[PDB]
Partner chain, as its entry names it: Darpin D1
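As structure tokens, one chain now follows by itself in the form solved without the partner chain.
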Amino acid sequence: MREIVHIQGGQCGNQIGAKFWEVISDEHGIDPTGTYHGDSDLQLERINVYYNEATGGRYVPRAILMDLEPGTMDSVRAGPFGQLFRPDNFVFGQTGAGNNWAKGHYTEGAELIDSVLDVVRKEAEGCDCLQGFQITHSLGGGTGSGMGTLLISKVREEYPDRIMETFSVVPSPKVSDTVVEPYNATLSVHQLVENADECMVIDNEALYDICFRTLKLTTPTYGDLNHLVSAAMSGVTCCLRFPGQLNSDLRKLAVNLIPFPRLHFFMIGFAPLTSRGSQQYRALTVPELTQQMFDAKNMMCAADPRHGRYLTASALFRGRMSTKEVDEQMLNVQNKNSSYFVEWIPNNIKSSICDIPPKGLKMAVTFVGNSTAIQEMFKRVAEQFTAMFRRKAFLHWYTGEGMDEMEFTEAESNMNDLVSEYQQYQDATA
């Protein structure tokens, strides 16, 4: 009932997915061998939403790991819970895109898309009532971005009504690991806006910010970033797995946060994050969770919403709490910063509650807000792409793959139009 098919593609995709499945298993107490070890029978009432059953009671994650660098298979097998995934789901090429979007979207991705399409088709038809797919990937890299958008387009053509949610890791000019990041990000979002149901953007520099200011971690590694994004991702579909007082599945978030089909980019956040030092100081309660999850710092994107204005926003609270408290906090923050919320929307906040908290935790919120600050984070990539495209740098790498300059023109123009749309709905008044 309301099944989910997790799809991770790419190095960052595989790391995110591995950490995510680790956390969801810790939530269901499933041991890496594949069996159950928890104590609350509730942990099994919705366990099918993410795992399929196999012979011997062994639960298998309904995940689909794909990549073009075959080493990533070894990578995911190395970590704990690497034993979980059924090897049939593993799909891998041999060459690797090498940060190339086209290579992973035209030359090679077209040769693995058939196999992963067979796999996702089998996983879907195996499930009766499919809420949709939760794909996760990074736009900076080539395989991740390119193959992800290719398969997303395909599956969208195949399963139009089902939810197609995407956690995209857009690169930032701050970290700028690679150099073809602009072309990758542009040619990804150009199709993302056309196919994705809803998209959560995640920025490594924002995660580093959070891990330096909010958390005080002397050595934040990619493991910790994946940990944060996993906590978020779990918090997103929490109501799907636990009863709570007011439920909200994925489609509910979609309808409650998508004014217009082209505005499907949000900035997630996780509330109770506190450093090990200040943990004993700041007491845990609903107003504290609100103040935090609405801090411009606590967002998992690099866009400061203070510059923007929340079109709509939502929050999901885990753990038993007073509905009056949370709803009053929502109304309060609404009436406090009325400049930060669009006026034509009467009450721009959507609130939900699940009474099952994350393990070892009492209360926790997973904020998901659609803003216009994201338009700034896209202006960044837009101007970067424009700069590195005026003189046509590295363009031969892409054009040799069968892509043409018209594709870049249309992609940057589509991104520009999206930016203008967000801008208008920010400045628009009623």
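Numbering follows the first chain given and starts at 1.
Not on display, but discussed next: the form solved in complex with the partner chain.
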**Asked** With the partner chain left out of view, which of 217, 179, 110, 78 would have a heavy atom within 4.5 Å of it in the deposited complex?
**Response** 179
**Request:** Taking 4.5 Å between heavy atoms as the contact cutoff, choose which of 54, 44, 361, 393 touches the partner chain in the deposited complex.
**Result:** 393
**Prompt:** Pick from 377-385, 401-409, 32-40, 64-72: which stretch has a heavy atom within 4.5 Å of the partner chain in the deposited complex?
**Reply:** 377-385
**Asked** Does any heavy atom of residue 223 come within 4.5 Å of a heavy atom of the partner chain in the deposited complex?
**Response** no
**Message:** Given that the partner chain is not shown alongside this chain, does residue 126 nevertheless sit within 4.5 Å of it in the deposited complex, heavy atom to heavy atom?
**Reply:** no
**Prompt:** Heavy atoms within 4.5 Å of the partner chain in the deposited complex: does residue 87 have any?
**Reply:** no
